[PDB]
Structures are given as structure tokens and as C-alpha cells.
$ cat structure-v4.pdb   # PDB, C-alpha atoms and all ligand atoms
ATOM      1  CA  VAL A   1      33.143 -10.538 -63.776
ATOM      2  CA  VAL A   2      30.827  -7.963 -65.278
ATOM      3  CA  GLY A   3      27.934  -6.701 -63.187
ATOM      4  CA  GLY A   4      29.240  -8.293 -60.015
ATOM      5  CA  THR A   5      29.626  -7.003 -56.471
ATOM      6  CA  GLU A   6      32.650  -7.218 -54.195
ATOM      7  CA  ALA A   7      32.747 -10.535 -52.310
ATOM      8  CA  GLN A   8      33.036 -10.479 -48.561
ATOM      9  CA  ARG A   9      36.604 -11.059 -47.457
ATOM     10  CA  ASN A  10      37.390 -14.683 -48.180
ATOM     11  CA  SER A  11      33.736 -15.843 -48.356
ATOM     12  CA  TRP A  12      34.912 -18.205 -51.159
ATOM     13  CA  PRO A  13      37.984 -19.784 -49.506
ATOM     14  CA  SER A  14      38.659 -22.253 -52.302
ATOM     15  CA  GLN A  15      39.055 -19.540 -54.929
ATOM     16  CA  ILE A  16      42.656 -19.089 -56.045
ATOM     17  CA  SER A  17      44.454 -16.601 -58.286
ATOM     18  CA  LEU A  18      46.642 -18.147 -61.034
ATOM     19  CA  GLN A  19      49.433 -15.732 -61.921
ATOM     20  CA  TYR A  20      52.375 -15.706 -64.291
ATOM     21  CA  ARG A  21      55.707 -13.967 -64.137
ATOM     22  CA  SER A  22      56.054 -10.816 -66.259
ATOM     23  CA  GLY A  23      59.609  -9.497 -66.109
ATOM     24  CA  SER A  24      60.191  -9.146 -62.378
ATOM     25  CA  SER A  25      56.534  -8.938 -61.414
ATOM     26  CA  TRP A  26      53.484 -11.180 -61.342
ATOM     27  CA  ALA A  27      50.251 -10.765 -63.211
ATOM     28  CA  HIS A  28      46.932 -12.422 -62.505
ATOM     29  CA  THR A  29      45.685 -14.357 -65.529
ATOM     30  CA  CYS A  30      43.085 -16.838 -64.304
ATOM     31  CA  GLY A  31      41.070 -18.193 -61.421
ATOM     32  CA  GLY A  32      41.086 -21.769 -60.117
ATOM     33  CA  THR A  33      39.683 -23.872 -57.278
ATOM     34  CA  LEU A  34      41.891 -25.447 -54.574
ATOM     35  CA  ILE A  35      40.726 -29.092 -54.526
ATOM     36  CA  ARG A  36      43.470 -30.748 -52.439
ATOM     37  CA  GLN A  37      46.089 -29.032 -50.290
ATOM     38  CA  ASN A  38      48.486 -29.526 -53.170
ATOM     39  CA  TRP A  39      46.119 -29.526 -56.190
ATOM     40  CA  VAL A  40      44.306 -26.772 -58.075
ATOM     41  CA  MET A  41      41.592 -27.211 -60.684
ATOM     42  CA  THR A  42      41.591 -24.613 -63.500
ATOM     43  CA  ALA A  43      40.860 -24.303 -67.239
ATOM     44  CA  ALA A  44      43.182 -25.959 -69.760
ATOM     45  CA  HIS A  45      43.260 -22.779 -71.830
ATOM     46  CA  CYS A  46      44.724 -20.915 -68.881
ATOM     47  CA  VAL A  47      47.900 -22.903 -69.222
ATOM     48  CA  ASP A  48      48.255 -23.115 -73.004
ATOM     49  CA  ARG A  49      51.223 -20.721 -72.751
ATOM     50  CA  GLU A  50      54.536 -22.013 -71.419
ATOM     51  CA  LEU A  51      54.847 -19.446 -68.677
ATOM     52  CA  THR A  52      56.055 -19.547 -65.077
ATOM     53  CA  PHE A  53      52.933 -19.860 -62.966
ATOM     54  CA  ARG A  54      52.250 -19.449 -59.282
ATOM     55  CA  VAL A  55      49.082 -19.977 -57.301
ATOM     56  CA  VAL A  56      47.936 -17.560 -54.596
ATOM     57  CA  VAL A  57      45.475 -18.845 -51.998
ATOM     58  CA  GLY A  58      43.695 -16.718 -49.390
ATOM     59  CA  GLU A  59      43.767 -13.769 -51.749
ATOM     60  CA  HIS A  60      41.282 -10.909 -51.779
ATOM     61  CA  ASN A  61      42.848  -7.688 -53.110
ATOM     62  CA  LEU A  62      45.320  -8.346 -55.928
ATOM     63  CA  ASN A  63      47.472  -5.288 -55.359
ATOM     64  CA  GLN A  64      47.397  -4.876 -51.570
ATOM     65  CA  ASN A  65      48.511  -7.005 -48.657
ATOM     66  CA  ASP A  66      45.544  -8.789 -47.072
ATOM     67  CA  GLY A  67      47.604 -10.603 -44.457
ATOM     68  CA  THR A  68      46.118 -13.956 -45.476
ATOM     69  CA  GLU A  69      47.841 -14.887 -48.725
ATOM     70  CA  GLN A  70      49.964 -17.962 -49.337
ATOM     71  CA  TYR A  71      52.107 -18.184 -52.487
ATOM     72  CA  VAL A  72      53.161 -21.414 -54.099
ATOM     73  CA  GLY A  73      54.765 -22.616 -57.291
ATOM     74  CA  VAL A  74      53.184 -24.978 -59.810
ATOM     75  CA  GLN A  75      55.260 -28.163 -60.016
ATOM     76  CA  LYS A  76      53.260 -30.051 -62.642
ATOM     77  CA  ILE A  77      50.494 -29.204 -65.063
ATOM     78  CA  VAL A  78      48.142 -31.989 -66.174
ATOM     79  CA  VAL A  79      45.854 -30.882 -68.999
ATOM     80  CA  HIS A  80      42.940 -33.039 -70.082
ATOM     81  CA  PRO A  81      44.313 -35.317 -72.843
ATOM     82  CA  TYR A  82      41.474 -34.348 -75.204
ATOM     83  CA  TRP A  83      41.789 -30.576 -74.849
ATOM     84  CA  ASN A  84      42.304 -28.853 -78.179
ATOM     85  CA  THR A  85      43.227 -25.179 -77.980
ATOM     86  CA  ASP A  86      41.808 -24.679 -81.532
ATOM     87  CA  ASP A  87      38.349 -25.935 -80.449
ATOM     88  CA  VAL A  88      37.207 -24.661 -77.047
ATOM     89  CA  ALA A  89      33.679 -25.564 -78.148
ATOM     90  CA  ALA A  90      34.693 -29.245 -78.144
ATOM     91  CA  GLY A  91      35.044 -29.006 -74.373
ATOM     92  CA  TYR A  92      37.606 -30.710 -72.103
ATOM     93  CA  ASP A  93      38.701 -27.269 -70.915
ATOM     94  CA  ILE A  94      40.142 -28.396 -67.610
ATOM     95  CA  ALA A  95      43.603 -28.882 -66.091
ATOM     96  CA  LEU A  96      44.961 -29.880 -62.689
ATOM     97  CA  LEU A  97      47.948 -28.095 -61.176
ATOM     98  CA  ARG A  98      50.095 -29.968 -58.646
ATOM     99  CA  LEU A  99      51.489 -27.396 -56.215
ATOM    100  CA  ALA A 100      55.172 -27.465 -55.206
ATOM    101  CA  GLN A 101      54.139 -27.525 -51.549
ATOM    102  CA  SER A 102      50.830 -28.263 -49.840
ATOM    103  CA  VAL A 103      49.190 -25.030 -48.704
ATOM    104  CA  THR A 104      47.980 -24.574 -45.126
ATOM    105  CA  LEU A 105      44.224 -24.720 -44.643
ATOM    106  CA  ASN A 106      42.636 -22.085 -42.400
ATOM    107  CA  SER A 107      39.754 -19.563 -42.323
ATOM    108  CA  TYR A 108      40.841 -18.207 -45.717
ATOM    109  CA  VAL A 109      42.090 -21.312 -47.466
ATOM    110  CA  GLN A 110      39.731 -24.250 -47.845
ATOM    111  CA  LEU A 111      39.134 -27.054 -50.293
ATOM    112  CA  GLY A 112      36.370 -26.622 -52.804
ATOM    113  CA  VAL A 113      33.588 -29.200 -52.657
ATOM    114  CA  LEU A 114      32.952 -30.927 -56.022
ATOM    115  CA  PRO A 115      29.618 -32.425 -57.116
ATOM    116  CA  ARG A 116      28.972 -36.159 -57.392
ATOM    117  CA  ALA A 117      29.828 -37.537 -60.832
ATOM    118  CA  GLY A 118      27.133 -37.134 -63.435
ATOM    119  CA  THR A 119      25.209 -34.462 -61.531
ATOM    120  CA  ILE A 120      23.213 -32.064 -63.707
ATOM    121  CA  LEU A 121      21.681 -28.869 -62.328
ATOM    122  CA  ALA A 122      17.987 -28.153 -62.923
ATOM    123  CA  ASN A 123      17.401 -25.139 -65.169
ATOM    124  CA  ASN A 124      17.644 -21.828 -63.324
ATOM    125  CA  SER A 125      19.626 -23.244 -60.424
ATOM    126  CA  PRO A 126      21.145 -20.584 -58.111
ATOM    127  CA  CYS A 127      24.886 -20.158 -58.691
ATOM    128  CA  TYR A 128      27.540 -17.529 -58.203
ATOM    129  CA  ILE A 129      30.584 -16.896 -60.374
ATOM    130  CA  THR A 130      33.612 -15.427 -58.600
ATOM    131  CA  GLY A 131      36.807 -13.929 -59.870
ATOM    132  CA  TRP A 132      39.097 -10.994 -60.514
ATOM    133  CA  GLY A 133      38.367 -10.970 -64.244
ATOM    134  CA  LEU A 134      37.462  -7.950 -66.367
ATOM    135  CA  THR A 135      34.643  -5.826 -64.968
ATOM    136  CA  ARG A 136      33.639  -4.734 -68.488
ATOM    137  CA  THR A 137      34.033  -6.289 -71.929
ATOM    138  CA  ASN A 138      37.553  -5.215 -73.047
ATOM    139  CA  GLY A 139      37.928  -3.606 -69.619
ATOM    140  CA  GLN A 140      40.412  -4.256 -66.821
ATOM    141  CA  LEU A 141      40.813  -6.762 -63.987
ATOM    142  CA  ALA A 142      39.094  -6.129 -60.681
ATOM    143  CA  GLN A 143      41.300  -5.288 -57.699
ATOM    144  CA  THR A 144      39.081  -7.075 -55.178
ATOM    145  CA  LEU A 145      37.360 -10.453 -55.604
ATOM    146  CA  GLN A 146      33.979 -10.066 -57.317
ATOM    147  CA  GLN A 147      30.923 -12.292 -57.386
ATOM    148  CA  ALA A 148      27.825 -12.309 -59.589
ATOM    149  CA  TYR A 149      24.607 -14.263 -59.272
ATOM    150  CA  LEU A 150      24.295 -16.336 -62.470
ATOM    151  CA  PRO A 151      21.342 -18.777 -62.549
ATOM    152  CA  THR A 152      21.957 -21.837 -64.748
ATOM    153  CA  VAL A 153      20.534 -22.210 -68.265
ATOM    154  CA  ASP A 154      20.001 -25.905 -69.001
ATOM    155  CA  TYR A 155      21.383 -27.760 -72.015
ATOM    156  CA  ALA A 156      18.104 -27.735 -73.945
ATOM    157  CA  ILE A 157      17.814 -23.968 -73.675
ATOM    158  CA  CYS A 158      21.527 -23.197 -73.875
ATOM    159  CA  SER A 159      22.000 -25.280 -77.027
ATOM    160  CA  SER A 160      18.962 -23.663 -78.727
ATOM    161  CA  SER A 161      19.451 -21.462 -81.803
ATOM    162  CA  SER A 162      18.836 -18.127 -80.023
ATOM    163  CA  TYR A 163      21.425 -19.034 -77.401
ATOM    164  CA  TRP A 164      24.655 -20.933 -78.061
ATOM    165  CA  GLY A 165      23.323 -23.543 -80.418
ATOM    166  CA  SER A 166      25.747 -26.364 -81.233
ATOM    167  CA  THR A 167      28.660 -24.488 -79.661
ATOM    168  CA  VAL A 168      27.628 -25.808 -76.259
ATOM    169  CA  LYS A 169      27.945 -29.468 -75.279
ATOM    170  CA  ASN A 170      26.445 -31.490 -72.474
ATOM    171  CA  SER A 171      29.913 -31.579 -70.882
ATOM    172  CA  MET A 172      29.395 -27.875 -70.109
ATOM    173  CA  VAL A 173      27.262 -25.756 -67.789
ATOM    174  CA  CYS A 174      25.810 -22.454 -68.989
ATOM    175  CA  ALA A 175      24.947 -19.709 -66.517
ATOM    176  CA  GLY A 176      23.598 -16.178 -66.710
ATOM    177  CA  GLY A 177      22.895 -14.650 -70.100
ATOM    178  CA  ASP A 178      20.883 -11.693 -68.724
ATOM    179  CA  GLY A 179      22.970  -9.169 -70.678
ATOM    180  CA  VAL A 180      24.094  -7.442 -67.492
ATOM    181  CA  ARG A 181      26.112  -9.975 -65.466
ATOM    182  CA  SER A 182      28.686 -12.506 -66.638
ATOM    183  CA  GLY A 183      32.145 -13.948 -66.378
ATOM    184  CA  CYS A 184      34.862 -12.267 -68.461
ATOM    185  CA  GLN A 185      38.518 -12.678 -69.369
ATOM    186  CA  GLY A 186      40.532 -13.282 -66.237
ATOM    187  CA  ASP A 187      37.711 -15.218 -64.505
ATOM    188  CA  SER A 188      38.667 -18.126 -66.785
ATOM    189  CA  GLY A 189      39.541 -21.281 -64.861
ATOM    190  CA  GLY A 190      37.667 -20.111 -61.787
ATOM    191  CA  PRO A 191      34.588 -21.574 -60.102
ATOM    192  CA  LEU A 192      30.840 -21.434 -60.634
ATOM    193  CA  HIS A 193      29.540 -22.186 -57.073
ATOM    194  CA  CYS A 194      26.013 -23.627 -56.831
ATOM    195  CA  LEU A 195      23.915 -24.556 -53.807
ATOM    196  CA  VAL A 196      23.323 -28.330 -53.529
ATOM    197  CA  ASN A 197      21.683 -29.823 -50.413
ATOM    198  CA  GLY A 198      22.789 -26.954 -48.202
ATOM    199  CA  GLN A 199      26.310 -27.062 -49.637
ATOM    200  CA  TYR A 200      27.857 -24.782 -52.190
ATOM    201  CA  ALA A 201      29.720 -27.021 -54.641
ATOM    202  CA  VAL A 202      31.918 -26.005 -57.590
ATOM    203  CA  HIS A 203      29.930 -27.195 -60.621
ATOM    204  CA  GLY A 204      31.838 -25.251 -63.245
ATOM    205  CA  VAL A 205      35.271 -24.102 -64.379
ATOM    206  CA  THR A 206      34.948 -20.851 -66.336
ATOM    207  CA  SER A 207      35.664 -21.537 -70.009
ATOM    208  CA  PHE A 208      34.268 -19.048 -72.508
ATOM    209  CA  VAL A 209      32.005 -16.169 -73.376
ATOM    210  CA  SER A 210      30.812 -14.666 -76.661
ATOM    211  CA  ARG A 211      33.258 -13.195 -79.159
ATOM    212  CA  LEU A 212      30.875 -10.194 -79.176
ATOM    213  CA  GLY A 213      31.524  -9.572 -75.490
ATOM    214  CA  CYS A 214      31.255 -10.831 -71.917
ATOM    215  CA  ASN A 215      27.724  -9.753 -70.896
ATOM    216  CA  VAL A 216      25.639 -10.572 -73.974
ATOM    217  CA  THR A 217      21.948 -11.335 -73.829
ATOM    218  CA  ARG A 218      21.310 -14.999 -74.534
ATOM    219  CA  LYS A 219      25.026 -15.839 -74.527
ATOM    220  CA  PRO A 220      25.401 -17.137 -70.970
ATOM    221  CA  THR A 221      28.868 -17.687 -69.601
ATOM    222  CA  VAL A 222      29.982 -21.259 -70.431
ATOM    223  CA  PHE A 223      31.784 -23.499 -67.928
ATOM    224  CA  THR A 224      33.369 -26.910 -68.061
ATOM    225  CA  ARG A 225      30.930 -29.197 -66.176
ATOM    226  CA  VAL A 226      32.990 -30.471 -63.251
ATOM    227  CA  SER A 227      30.727 -33.464 -62.620
ATOM    228  CA  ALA A 228      31.627 -34.914 -66.030
ATOM    229  CA  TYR A 229      35.232 -35.128 -64.917
ATOM    230  CA  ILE A 230      35.234 -36.625 -61.426
ATOM    231  CA  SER A 231      36.822 -39.914 -62.480
ATOM    232  CA  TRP A 232      39.503 -38.128 -64.508
ATOM    233  CA  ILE A 233      40.278 -35.800 -61.595
ATOM    234  CA  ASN A 234      40.579 -38.703 -59.160
ATOM    235  CA  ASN A 235      42.746 -40.661 -61.612
ATOM    236  CA  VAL A 236      45.157 -37.746 -62.060
ATOM    237  CA  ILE A 237      45.539 -37.232 -58.336
ATOM    238  CA  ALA A 238      45.931 -40.982 -57.885
ATOM    239  CA  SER A 239      48.748 -41.280 -60.447
ATOM    240  CA  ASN A 240      50.727 -38.201 -59.398
TER     241      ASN A 240
HETATM  242  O1  LIG B   1      27.109 -38.532 -66.996
HETATM  243 SE1  LIG B   1      28.386 -37.721 -67.389
HETATM  244  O2  LIG B   1      28.809 -36.609 -66.104
HETATM  245  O3  LIG B   1      28.125 -36.821 -68.915
HETATM  246  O4  LIG B   1      29.563 -38.688 -67.581
HETATM  247 CA    CA B   2      46.414  -9.314 -51.579
END
$ encode --input "structure-v4.pdb" --output "C-alpha cells"
Amino acid sequence: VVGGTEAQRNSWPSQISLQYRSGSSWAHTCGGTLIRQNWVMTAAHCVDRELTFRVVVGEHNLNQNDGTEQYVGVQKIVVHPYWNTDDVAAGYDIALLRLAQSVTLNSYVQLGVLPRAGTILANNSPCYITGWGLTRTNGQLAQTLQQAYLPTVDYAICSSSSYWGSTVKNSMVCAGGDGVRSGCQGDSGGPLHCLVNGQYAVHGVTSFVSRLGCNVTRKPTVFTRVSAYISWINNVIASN
């Protein structure tokens, strides 16, 4: 995330790091949200490649031992049936990862709370994006988990000509756009946490930013709207 600040140690316990094997090492590629002890919600584009993936929960610093990490393999990947890698603007950028083993919940590993189906945030709702993604457009991943305050931009405004126009759909949530702060590559698949009735809930799965760059004025970060997918999520967990 660009223009963020380091998150307090595990203040976002449902945030996970999705990593793939590179030779004999592991590289972080995307974020995700732990939604069941053995299920992770991420972006479908994060798993377009047929790589070996692992999920790390309780993570904070990617390249240093935090003493709280749990590592687990991904046993099954269920991508939304309508996802089309050639058309991220069509939406459906969401996938569920069934973990090889259930992780242990504790102070650093907790389930993310999802909104009620159909919920839409009022314009300018307070939200935070979190992740280890690039700290600058075409930059490098962050070592420690970052967070940025990104107020929502409602559909009417977000789909206007000066913003994203027709590229954005109602199945998405836009947030930020101030030209300073934003999600970026590597935050993809991670959460957009927003305060709802005293509870932070994960309303978005990071999907895309402008081809011109991450922090671009009037090009808010775009997320898959989690509340449009509650039934699908429940159905996947129920049939696996
Ligand atoms: O009402 Se909704 O979340 O677009 O199905
Ligand atoms: Ca670590």
C-alpha cells in the first residue's frame, strides 16, 4: 500500500500472506482474509498462475521471525465460476482457498467478519486497506504490514466519467482516490476493513488499480464487494 503507515503488531488478525514457491524459497504475492479455520478468501487473479501456494497466518514482518506465524498449504482452490482473467473489469475477482490443515486461532490469528449479504456502504465510509504490497507505484513490497485509511467512493461517484466510469460495477467497492494513498500490487486479494456497528468487517477483496499507477487522483483502489458474494461463499464452504 502506498502512503500507508505500519500496522500495530497483528492489529488485523485475519490478514494472511499468500505466497508461492520460487526455487527453494517463498515469495509473497497477495493478501487474503482467513474466513474459517481452514478457508481463506482472496482474489481470483492471485491464483491465475498454476503455482505452489502456501498461506501464512499471524504474520507481521515478511523477512523476520515474529514468533507468531503459522504456515499451511493450500489443498484446493475454488475460483468464482464467472471470473475471466481477460476482463477484471467484469468483476467476480474472488477465490476461496481450502487449507490443508485448520490453523489455530489465537491473539494473532482470527477469523475475519464479513458483512451481511447485499450491504452497501454509504459514500465516504471509513475503511482501512492492509497489506504488504508495493509502497510506491512500480516499487517494492513492504517488509512490515501496512495500513492506509481509504474512505469509500460510492458507485455513483466511482462510475462517473472523471473517476472509473464504466470500468467499475456495482459488484465492486471503490476506496481512496486521494492521489496519495492506495492499494498496490501485492495487496491484491487482501481486505478492505470498514467499521459497521462497532465492528470492523471485511467489505472488499483488493482487485485493481489504474494502469497509470497505484495512487492516482480520482482512480480509487477497486475491490470485489464481499457482500455480493455471501451466498456463493457459503455454498462453496458447504460443498467442500
Ligand atoms: O444485492 Se447484491 O449484494 O448486488 O446481490
Ligand atoms: Ca515473519
$ atom_distance --input "structure-v4.pdb" --atom1 "CA of residue 133 (chain A)" --atom2 "CA of residue 184 (chain A)"
5.6 Å
$ residues_around --input "structure-v4.pdb" --residues "region 54-58 of chain A" --least-positions-apart "5" --cutoff "8 Å" --atoms "all atoms listed in the file" --output "list in words"
residues 10, 13, 14, 15, 16, 17, 18, 19, 20, 34, 68, 69, 70, 71, 72, 73, 74, 99, 103, 108 and 109 of chain A
$ atom_distance --input "structure-v4.pdb" --atom1 "CA of residue 221 (chain A)" --atom2 "CA of residue 202 (chain A)"
14.9 Å
$ resolve_selection --input "structure-v4.pdb" --expression "the PyMOL selection byres (((chain A and resi 170-172) around 12) and not hetatm)" --output "NGL selection string"
:A and (88-94 or 117-121 or 152-159 or 164-169 or 173-175 or 192 or 203-208 or 220-230)
$ closest_atom_pairs --input "structure-v4.pdb" --of "chain A" --to "ligand CA 2 (chain B)" --cutoff "9 Å" --atoms "all atoms listed in the file" --output "JSON lines"
{"residue": "A:56", "atom": "CA", "partner": "B:CA2", "partner_atom": "CA", "distance": 8.9}
{"residue": "A:58", "atom": "CA", "partner": "B:CA2", "partner_atom": "CA", "distance": 8.2}
{"residue": "A:59", "atom": "CA", "partner": "B:CA2", "partner_atom": "CA", "distance": 5.2}
{"residue": "A:60", "atom": "CA", "partner": "B:CA2", "partner_atom": "CA", "distance": 5.4}
{"residue": "A:61", "atom": "CA", "partner": "B:CA2", "partner_atom": "CA", "distance": 4.2}
{"residue": "A:62", "atom": "CA", "partner": "B:CA2", "partner_atom": "CA", "distance": 4.6}
{"residue": "A:63", "atom": "CA", "partner": "B:CA2", "partner_atom": "CA", "distance": 5.6}
{"residue": "A:64", "atom": "CA", "partner": "B:CA2", "partner_atom": "CA", "distance": 4.5}
{"residue": "A:65", "atom": "CA", "partner": "B:CA2", "partner_atom": "CA", "distance": 4.3}
{"residue": "A:66", "atom": "CA", "partner": "B:CA2", "partner_atom": "CA", "distance": 4.6}
{"residue": "A:67", "atom": "CA", "partner": "B:CA2", "partner_atom": "CA", "distance": 7.3}
{"residue": "A:68", "atom": "CA", "partner": "B:CA2", "partner_atom": "CA", "distance": 7.7}
{"residue": "A:69", "atom": "CA", "partner": "B:CA2", "partner_atom": "CA", "distance": 6.4}
{"residue": "A:143", "atom": "CA", "partner": "B:CA2", "partner_atom": "CA", "distance": 8.9}
{"residue": "A:144", "atom": "CA", "partner": "B:CA2", "partner_atom": "CA", "distance": 8.5}
$ atom_distance --input "structure-v4.pdb" --atom1 "CA of residue 198 (chain A)" --atom2 "CA of residue 113 (chain A)"
11.9 Å
$ axis_aligned_box --input "structure-v4.pdb" --around "ligand LIG 1 (chain B)" --padding-each-side "4 Å" --output "lines of an AutoDock Vina configuration file"
center_x = 28.3
center_y = -37.6
center_z = -67.5
size_x = 10.5
size_y = 10.1
size_z = 10.8
$ resolve_selection --input "structure-v4.pdb" --expression "the PyMOL selection byres (((chain A and resi 136) around 12) and not hetatm)" --output "list in words"
residues 1, 2, 3, 4, 132, 133, 134, 135, 137, 138, 139, 140, 141, 142, 179, 180, 181, 182, 183, 184, 185, 186, 187, 213, 214, 215 and 216 of chain A
$ closest_residue --input "structure-v4.pdb" --among "A:23, A:131, A:81, A:115" --to "residue 35 (chain A)" --atoms "all atoms listed in the file"
A:115
$ residues_around --input "structure-v4.pdb" --residues "residue 102 (chain A)" --least-positions-apart "3" --cutoff "10 Å" --atoms "all atoms listed in the file" --output "MDAnalysis selection string"
chainID A and resid 36:39 72 98:99 105
$ closest_residue --input "structure-v4.pdb" --among "A:235, A:25, A:116, A:151" --to "ligand LIG 1 (chain B)" --atoms "all atoms listed in the file"
A:116
$ residues_around --input "structure-v4.pdb" --residues "residue 78 (chain A)" --least-positions-apart "6" --cutoff "10 Å" --atoms "all atoms listed in the file" --output "NGL selection string"
:A and (41 or 44 or 47 or 94-98 or 233 or 236-237 or 240)
$ closest_residue --input "structure-v4.pdb" --among "A:209, A:52, A:146, A:190" --to "residue 30 (chain A)" --atoms "all atoms listed in the file"
A:190
$ closest_residue --input "structure-v4.pdb" --among "A:232, A:128, A:189, A:85" --to "ligand LIG 1 (chain B)" --atoms "all atoms listed in the file"
A:232
